[PDB]
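Commentary on secondary and tertiary structure
Now for the letters of each chain:
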Amino acid sequence: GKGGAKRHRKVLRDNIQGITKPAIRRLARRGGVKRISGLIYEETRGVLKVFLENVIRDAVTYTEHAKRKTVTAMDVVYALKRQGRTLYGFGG
Amino acid sequence: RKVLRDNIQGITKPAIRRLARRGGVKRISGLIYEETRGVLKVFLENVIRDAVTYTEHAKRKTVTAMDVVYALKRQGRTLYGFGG
Amino acid sequence: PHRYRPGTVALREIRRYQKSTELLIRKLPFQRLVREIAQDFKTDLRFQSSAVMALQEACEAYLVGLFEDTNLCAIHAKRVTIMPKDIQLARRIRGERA
Amino acid sequence: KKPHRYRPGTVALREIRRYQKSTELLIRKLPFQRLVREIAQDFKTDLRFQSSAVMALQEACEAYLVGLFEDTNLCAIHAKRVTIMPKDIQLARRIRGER
Amino acid sequence: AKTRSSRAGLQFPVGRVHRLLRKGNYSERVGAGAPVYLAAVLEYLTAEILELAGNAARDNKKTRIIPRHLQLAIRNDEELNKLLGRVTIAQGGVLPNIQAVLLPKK
Amino acid sequence: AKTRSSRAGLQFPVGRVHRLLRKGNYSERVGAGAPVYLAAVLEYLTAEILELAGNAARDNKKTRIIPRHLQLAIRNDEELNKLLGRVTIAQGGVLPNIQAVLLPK
Amino acid sequence: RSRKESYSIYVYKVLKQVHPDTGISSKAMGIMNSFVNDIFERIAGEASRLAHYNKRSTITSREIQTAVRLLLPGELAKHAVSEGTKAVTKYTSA
Amino acid sequence: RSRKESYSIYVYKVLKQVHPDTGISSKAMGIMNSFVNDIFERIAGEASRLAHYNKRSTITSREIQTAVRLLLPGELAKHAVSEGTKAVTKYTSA
Amino acid sequence: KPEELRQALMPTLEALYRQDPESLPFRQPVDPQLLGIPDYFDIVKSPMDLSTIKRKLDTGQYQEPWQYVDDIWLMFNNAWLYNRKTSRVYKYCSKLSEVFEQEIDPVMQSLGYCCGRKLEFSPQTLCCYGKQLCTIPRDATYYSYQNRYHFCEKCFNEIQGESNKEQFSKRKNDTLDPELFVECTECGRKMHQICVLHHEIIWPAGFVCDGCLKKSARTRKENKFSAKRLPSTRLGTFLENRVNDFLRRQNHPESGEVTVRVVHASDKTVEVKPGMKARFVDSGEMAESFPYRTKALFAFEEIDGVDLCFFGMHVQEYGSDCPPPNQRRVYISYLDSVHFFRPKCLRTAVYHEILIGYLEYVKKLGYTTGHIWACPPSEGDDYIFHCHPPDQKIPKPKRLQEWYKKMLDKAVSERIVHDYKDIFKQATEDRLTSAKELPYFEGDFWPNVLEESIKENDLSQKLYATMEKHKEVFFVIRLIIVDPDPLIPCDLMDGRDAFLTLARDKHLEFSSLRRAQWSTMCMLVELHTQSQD
DNA sequence: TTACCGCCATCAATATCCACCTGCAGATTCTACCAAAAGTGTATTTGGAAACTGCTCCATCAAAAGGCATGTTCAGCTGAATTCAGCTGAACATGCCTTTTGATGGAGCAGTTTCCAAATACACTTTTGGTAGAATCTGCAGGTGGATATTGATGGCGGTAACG
DNA sequence: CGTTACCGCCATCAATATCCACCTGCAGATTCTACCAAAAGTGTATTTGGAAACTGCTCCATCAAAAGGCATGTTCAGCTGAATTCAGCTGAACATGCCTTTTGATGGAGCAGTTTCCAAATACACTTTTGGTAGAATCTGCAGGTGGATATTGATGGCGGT
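How each quantity is defined
- Residues numbered from 1 in each chain as written, not as in the entry; some residues may be left out.
- Chains lettered and ligands numbered in written order.
- Heavy atoms only, no water.
- Residues with missing side-chain atoms left out of burial classes, pairs and counts.
- Helix = DSSP H or I, 4+ residues; strand = E, 2+ residues; numbered from the N terminus.
- Contact = heavy atoms within 4.5 Å.
- Areas by Shrake-Rupley, 256 points an atom, 1.4 Å probe, with all protein chains shown as cover.
- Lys, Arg positive; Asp, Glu negative; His and termini not counted.
- Charge placed at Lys NZ, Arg CZ, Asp CG, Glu CD.
- Pairing = 2+ DSSP bridges.
- Axes fitted to C-alpha atoms, helices over the stretch in contact; angles between N-to-C directions.
- Near = heavy atom within 4 Å.
- Polar contact = N/O pair within 3.5 Å; in protein donor to acceptor, adjacent residues only side chain to side chain.
- Nonpolar A, V, L, I, M, F, W, Y, C, P; charged D, E, K, R; others polar.
- Patch = residues over 30% accessible without salt bridge, like charges linked within 9 Å, V, L, I, M, F, W, Y side chains within 5 Å.
- Salt bridge = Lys/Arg side-chain N within 4 Å of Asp/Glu carboxyl O.
- Buried area = accessible area lost by both parts, 1.4 Å probe.
- Buried < 20%, exposed > 50% of the residue type's maximum accessible area, 1.4 Å probe, protein only.

For this deposition, the record names cryo-EM as the technique by which the model was determined and cites 4.8 Å as its resolution.

Printed below as a string of structure tokens:
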């Protein structure tokens, strides 16, 4: 077949479509779900996208305030806790 | 003071029906009311204690509405119009 | 004998109560229950009238919100009648139960 | 000669037990990194990301997804069902108040 | 003889909010422009909420703003609803909303 | 002569708790017994969560406490779950639970 | 009697500016006061946390601006930031 | 290379009284540190707000005792209050 | 004209380009050397890309939209053939093809054409002239003569004698015959013959398109070769009345009247095979031959003012003057259907109204037992109608048996059928003890089983076991002779084989509504011309 | 050729909307006094902007690999269709207790004065916790033999129905 | 009434992967020594915040009455919730192909540590303006009752098709 470069050259799948079908399947199965509708995944993908701008933007709002262009895990923890989604283990 | 007992029944069936209707509920099964009462009780058990817990912290014996605002705010139920 | 079909009067009074804001719980039984619970927590306790009114109004608002959630959850289950599993699921998802 | 085939549901419950007894991350590292980088460049360009920040955000993401999926399972069961469909997600996010 | 409230072109009190910030034990030091910023932000928020309340009152043929109008204004705006998502309004009621299947299904 | 933690019969540092209270801008003044009381409360909470985690590890045939054991200990205790109802444990997972309707037959 | 501070008159002028012929009731006025005060402790706590994160012992307009962006959603956030920036510039221009 | 304060050796020390023959991992130890920090922050904030509400300028053992009673569930709160009282009595008699 | 086509053709190319980044590999010419193996030109004889399409549409090499469509489809075919199926390139090509289809139809429909899909026929199995019972499966090498005679691998060594040596062209079974084009005399435009329903016999003067007909304000001449003009028979009239009454009481808005005609009826005889002839006939236990009457039927509907055939029939009727056990028996040899019936929902029921209507007919004549073989055709096999549509699902044995049972339950509710059962229950019902006691039908499965087993009192238990394996497949219906209908000789459709041969020769297929209507009108013309000759 | 369910048409019994008019608690306008703020004006102190720089670690890129993406066949799913015992809604009679207006003893909240134990601010000495390097120990992650445990397939036996 | 063959259920066995512990190298966890700025503990003078003591005083608890907006109990059938069946079909399980993912190594964009120093922040004493607010007077939007025109529901007359 067709050769050439391939590694990191075929990011073709859209940004949110980066998460694979079996990945969302595994996330649903861990929640005790045993059967998934075919068109659930993309919707959850959209839901996932929403969560991102719930936290990342706020974390970005932290990072720009500290005169930093590199985001830290402490910024992420503060952004998570400010929405009531406290995370432990990354406060060091 | 007299030890009041069994006044959870004072939340009458029509009253629970009215609260459900204000919630837009159209049909109510027979066993809804008492269930809500228990949930109602739980909510009071969630708030009153905390409000009561405020009272002795001020060395008082009367519960004020400001401690009520404090308890509702601390339980994520912030209320307006009664101070604070 | 004139009789409306089941639901027409229900919708009428639902609209009536959605256009009104007056408290639907009479003050005295709720005040008595609050006194009972506080006495179980601490005896010889006194209550401001404003505190009792705030308790009653907050409880009515919380019940209205949980009833909105319960109704919409019953709509989810292709039903128009609420049965305690709706309230249980609503409270569980709200985090009040699990 | 019609080889062995598990009935639908046995393997599902088995792997559900497997993943509930384990704690490892499920989302692949590279696609999630690309997603985070792209949505960050959506807000601010030329950003750099710490490995710890990325892994913390990822772990919070699998936690949020597993919680919403458990709520979705409860919602699907609530309607006398076993399969999840979009209105379950909608009800879960509505009760959570995000929508 | 110019107050800091009029100096910033604001109606909300700069001095009072500065004093409240100092009294709240939020920080050991408070900047000079901090009360001005608080006054401007609070005045803006009050401005839009009062404008929406007045619009709701006009929609109800009322000239006095009541808590029902406040609830109608807050819940009809997605941003204000998100801002006050965990606040219950006194004597405000709820938005008129009946689900589809609850309507007659003839 | 003696550290405040030793004088109060506690293992957590009273002085560090007092310093963190002072630096947190929570109050202009902090009482002497407040750091002792808070250190005692923290020590009790740590001791009981560690006891539950060790019990879970022993039930899991393990002698080292891992975040999975911490999650099992916290979720299996009703009041610990209530306290940490809005807290996410890293690398902890969820409790094994299958609903009745999902079960076969 | 001890004085009980409130924002009655300032919100009254705000209402007059936005609606000259519209009044306010006492209960709704208390709701307005409670809302403004609640915004006050929310923004103050956010600014204090921002000061604590960077080990900064002074809270300035920039920290409150960042906290406003954290708290206020979208158009409200940008408009509040713009109004506050204009007010701060006017204050420092005198 | 600034010193990063952490309760680490203390919590591990506590482990020695509760499980002499049981260890702890680094990730779980950071979990322990974050848990202790969060509980400390919650107790301190509740004590501060109780002090502010009563126009009380000093935080004592009573204030944080009330804070623990508000935040911590029933028998956990009872045990924490009892051990805090015992520690305060021991410190006073020390 | 080049510029004339652009305003319509360009949007499809723009939509193809809009697919990002799936369409990127097709934007530029694919260089065999650049991407690796240089065998691209060896496999793909004529490489082309999207840039070549743009250049052709700019300069104007395209004269008709069909050239553009053919080039796009040839691009898709090249991409599918060269690249492997599981490759992402194949998936991108398929997505681009789907995007092209979901816009090409209205665009070129605005230009006066009917549809913009390159239609290729189904992989239908070919028959053999020599053995008469051998078929050529897919992915199998065969030998063809003038695309008219076919021989398989086994039949090459079976023929005695070569009757030049290098005169038959070696071919492969991947060839799909293109659709024929007819040109309007007045306009000169060539377009597919099927969508215009133009036949050389009905209109020998020439072909006139709809545009030219509307230009002169004149309509096409009426067609006297319709299904309604076919001779009427008592059985056909009965079935027509039954279907019409059912559709009238249904009162479906989309329902249309259905015409049923019997176009063939002939007397034949079935001969006992050598094994059973030797075992039973010579002993005098059973006669050598069984006489019967075969009757062939079709069902038609008027859709869009055009006759359309949707149902077929082949039956064998052994009358009262036939030696037992075949006496007074009817056997359904083959049946076929086309699912373009309107309305669809009543369609299935309408089929019952035929079969039940048949059972009510012979029951009045004196026939007491019916025999149905629920054997659905395999993949690629067509019973009566040629090239069933790809979206026509072939019923499974279980579904087909349930359908048969359902009509029989309805008939019993209608009192027409006394009862129905499987063949084993009938064998118990008459206490079968010899192979002769079983009915003997031409082309039936049981005669072949008997022959093979004789080649393999053992007969009785053997045949009972074979009943046990495939009892649910075969239905025996108990209901409880002078046929009013005369004999109708028709060599064209006498047997499904000649009809299938005619359909294959003239490409009379049923893959689409237009193709099915063209086939139905072709058979109407052929039947109206065979009776005259 | 008698009864039954829909429909589009009118019509009668009701809840809704709303304009109108009157009493009045509440909203808005002044007069006045005012302690608590607001703010300008110096002295003092320090938070952090600015400039230079060592040290991370983050983006980029190489190959090795444990996974994921499609197609096939089918047991089970979900929902449409149907039927029905049952209940909760609408109506109504009866009356329970509400709902507010009224007054009153006094337990208790809060203001004012005095004043001492405790918190704070340094100043000093001491243990001490966090980190870096060495080195011994070790719980448990890949393989791997092993008993065992589950489950769908198949054959055999008994119940039963049907024909003679 | 007798006999036999079908259908259903149960006994019995081939096979797969999901377990189990055992075993071994090892990243990671634990133990110990040394150094030491950073806290931590002790001493002493200063300040002050809140405890006690008495009392002013607001509203909190408690008892009286009455009549009417609703709580409580009963009926019936309208119809929504619940149970049953089955057919289209969407997902589940699985073999096939190979590719995107994972791990390790390597330049410099900025994350942080150090140092100067100045615009900017407290601290506080007067001084002036101004926001709570006792009190009386006038204004005013709408609570509440009345009446009748305007929607909303339901099934009554009869026409009609299944």
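Picking up where we left off.
As a further point, take the overall build of chain E. Along the backbone of chain E there are five helices and three strands. Counting from the amino terminus, chain E carries its helices and strands in the arrangement α-α-β-α-β-α-α-β. Projected onto its principal axes, the C-alpha coordinates of chain E cover approximately 70 × 30 × 20 Å. Look at the contacts in chain E between residues 6 or more apart in sequence, and 34% of them connect residues 24 or more apart. Surface accessibility of chain E: about 5300 Å² in total, with carbon and sulfur atoms responsible for 51%. Computed over 18 positive and 8 negative side-chain charges, the inter-centroid distance for chain E is 8 Å.

Turning next to the sheet that holds strand β9 (residues 306-318) of chain I. Strand-to-strand pairing in sheets goes through backbone hydrogen bonds, with the strands running parallel or antiparallel. Residue and element names in this part refer to chain I. One open sheet accounts for seven strands, arranged β7-β8-β9-β10-β11-β13-β12; its pairing is mixed. Unpaired on one side and paired on the other, β7 (258-271) and β12 (419-422) mark the two borders of the sheet. Put simply, the sheet's adjacent strands are angled 25 degrees from each other on average, direction ignored. The sheet contact formed by strand β10 (residues 329-334) and strand β11 (residues 369-373) spans four bridges and is parallel. Its bridge partner lying in β11, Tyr-331 is registered against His-371.

Turning our attention to the protein's contact with DNA strand J. Residues in close proximity to DNA strand J total 78 residues, the closest being B:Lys61, D:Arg37, E:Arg4, F:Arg16 and F:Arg22. Counting only atoms of DNA strand J within 4 Å of the protein, the sugar-phosphate share comes to 95%. For DNA strand J, a sugar or linking oxygen lies 2.9 Å from a polar atom in the backbone of D:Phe49. Taken together, the residues that form the surface near DNA strand J break down as 16 nonpolar, 20 polar and 42 charged.

Judged by side-chain charge, A:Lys6, A:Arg7, A:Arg9, A:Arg13, I:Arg84 and I:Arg88 come together as a positively charged surface patch. Considering the arrangement of structural elements, one finds I:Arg88 in helix α6 (residues 88-109).

Below, the discussion takes up the interface of chain D and chain C. Across the boundary between the two partners, chain D contributes 15 residues, which contact 14 residues of chain C. Interface of chain D and chain C: buried area, both sides summed, is about 1300 Å²; carbon and sulfur atoms make up 65% of it. The largest per-residue losses of area from chain D upon contact with chain C belong to D:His78, D:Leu91 and D:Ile95, which jointly make up 49% of the total buried on that side. Across the chain D-chain C interface, the total number found is two salt bridges. Its salt-bridge partner being C:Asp69, residue D:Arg94 comes within 3.4 Å of it at the nearest N-O pair. Linking chain D to chain C there are five residue pairs in polar contact. Every element with two or more residues in the side of chain D that touches chain C is listed here: α3 (51-78) and α4 (86-96) of chain D. The element best represented in the side of chain D that touches chain C is α4(D), accounting for seven residues.

Bringing the pairing of β7(I) into the picture now. Residue and element names in this part refer to chain I. Within β7, ten of the 14 residues are buried, leaving the element largely enclosed by the surrounding structure. With 13 bridges connecting them, β7 and strand β8 (residues 289-303) associate as antiparallel partners. Each bridged residue has a counterpart across the sheet, and for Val-260 the counterpart in β8 is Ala-299.

Our next topic: the protein's contact with DNA strand K. Taken together, 87 residues form the shell around DNA strand K, and within it A:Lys6, B:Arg18, C:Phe47, F:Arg4 and I:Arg84 come nearest. Expressed as a percentage, the sugar and phosphate content of the atoms of DNA strand K within 4 Å of the protein is 93%. One of the side-chain N or O atoms of A:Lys69 is found 2.7 Å from a phosphate oxygen in DNA strand K.

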